[PDB]
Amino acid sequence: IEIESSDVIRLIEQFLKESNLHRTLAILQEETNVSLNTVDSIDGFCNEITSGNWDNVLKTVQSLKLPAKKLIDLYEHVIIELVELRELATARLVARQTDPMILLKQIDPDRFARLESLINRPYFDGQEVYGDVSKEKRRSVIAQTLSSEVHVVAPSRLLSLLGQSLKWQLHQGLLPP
């Protein structure tokens, strides 16, 4: 006697995705508060954020369900690593035109002001920023915090499992009732 609720829902959601039933996927995720968070590998996801390849991690994040706090943390740190790389244009662009940053601007004005202040400083004061908590530790923390919100599911897992039930029925049989 084995039971599981959320995993089944996730299977169904994957099936819906593969079958181009987008509306039903949306409605299901909305109704059951369970989201399809498929990543090729959690190791690859963590490794991608740790290595600092922000394009990839932000694409993947754009494919995910979003807790506002985790997104504003992530996007904030992305901006920090941007202003460290002296890519000020992109940093400002993210600061003004991305949803988590707008939300941050609304709910926590002092924090966003602090971020823009960091962007507007003549040089990058890495000493304070990464002195409190290092870059490696920040990317690690964000990596864990986001990894908890994702799942890895084989390409067509539901159909595979149904095929397996079919094999079970054929080669073992069904218990009498």
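When you see a residue number, it is the position in the sequence shown, counting from 1.
Relative to its counterpart among 158-166 and 20-28, 20-28 has the higher mean temperature factor, C-alpha atoms as listed in the PDB entry. Relative to its counterpart among 125-133 and 46-54, 125-133 has the higher mean temperature factor, C-alpha atoms as listed in the PDB entry. In this PDB entry, residue 33 carries a Cα temperature factor that places it within the highest third of its chain's modelled residues. Among the modelled residues of its chain, residue 140 has a C-alpha B-factor that falls in the lowest third, as given in the PDB entry. Per-chain ranking of the deposited C-alpha B factor places residue 61 in the middle third.
Placement of the Cα temperature factor of residue 150 within the chain: middle third of the modelled residues, per the deposited record.
Residue-level temperature factors show residue 73 in the middle third of its chain, judged at the C-alpha atom.
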